[PDB]
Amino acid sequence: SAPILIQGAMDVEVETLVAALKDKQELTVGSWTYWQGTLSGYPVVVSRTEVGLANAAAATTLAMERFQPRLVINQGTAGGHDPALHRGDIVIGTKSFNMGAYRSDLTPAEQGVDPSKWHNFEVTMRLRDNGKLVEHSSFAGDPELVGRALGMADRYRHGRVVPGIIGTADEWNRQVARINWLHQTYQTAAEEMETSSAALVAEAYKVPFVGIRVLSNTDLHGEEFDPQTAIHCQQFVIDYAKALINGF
């Protein structure tokens, strides 16, 4: 009877999920609200995480302690990094990673600032397991959960559903050259602000995880933020969760 945990950061990313729940009970602890109910008769907890890595990790940890979920779906909006993708396309996270983690080598003031020399700082994703250090350069989406979403692609009617790499950072990048550099360096499909942080906590608790993100925008094609994409993503995720539940 362990629930599916479904996450979104902002109100617009969870209200459709919350409306789908039957026999809802609301719980707020600290800054974080949860709605506990059922989908297709099976326990589901919807979590509004608030925004960014710290909020995502807090909200995920709190859900682990309170609800002991059997799997986590983290979803919401993202900005395009891959020029092949457009607003409305959905990325299923084959992996996510902390794209905002940076270490740089020593340079004197005279040499100025060059972000192209910065390195991904992997210690930010390092964990312990039974007390022993375990390195991580990314967090893989549970590959069966990833495959299921890809297999359901034709059920989403507002864009393509594709596998891709989710770059998580406390960032909203609109310098197109920076987006291009991040894509060329890390092969990112899209950027957002929670996935790898929630994924880190799910790895620590050994709970299967998948990130599902709709492109709400992409500056690679002059496509500005469309809030309706967040609703469409939740509709797909409800369908996805119901399919999982049909198999439980």
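Quick note: we count residues from 1 along the sequence shown, nothing fancier.
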Among the other compared PDB entries, is residue 192 dropped in a third or more? yes
Going by the entry, of stretches 124-132 and 140-148 the one with greater average Cα B-factor is 124-132
Higher avg CA temperature factor (59-67 vs 24-32, as deposited) belongs to 24-32
Entry record, C-alpha B-factors for 52, 211, 222, 208; the maximum is at 222
Looking only at 104, 175, 75, 98, the Cα with the top B-factor belongs to 104
Residue 82: CA B-factor among chain residues, third -> highest
Binned into thirds over the chain's modelled residues, the C-alpha B-factor of residue 45 lands in the middle
By the entry's values, the third containing the CA B factor of residue 180 is the middle
Chain thirds by Cα B factor, record data; residue 2 belongs to the highest
Here the Cα B-factor of residue 109, set against its chain, lands in the third termed highest
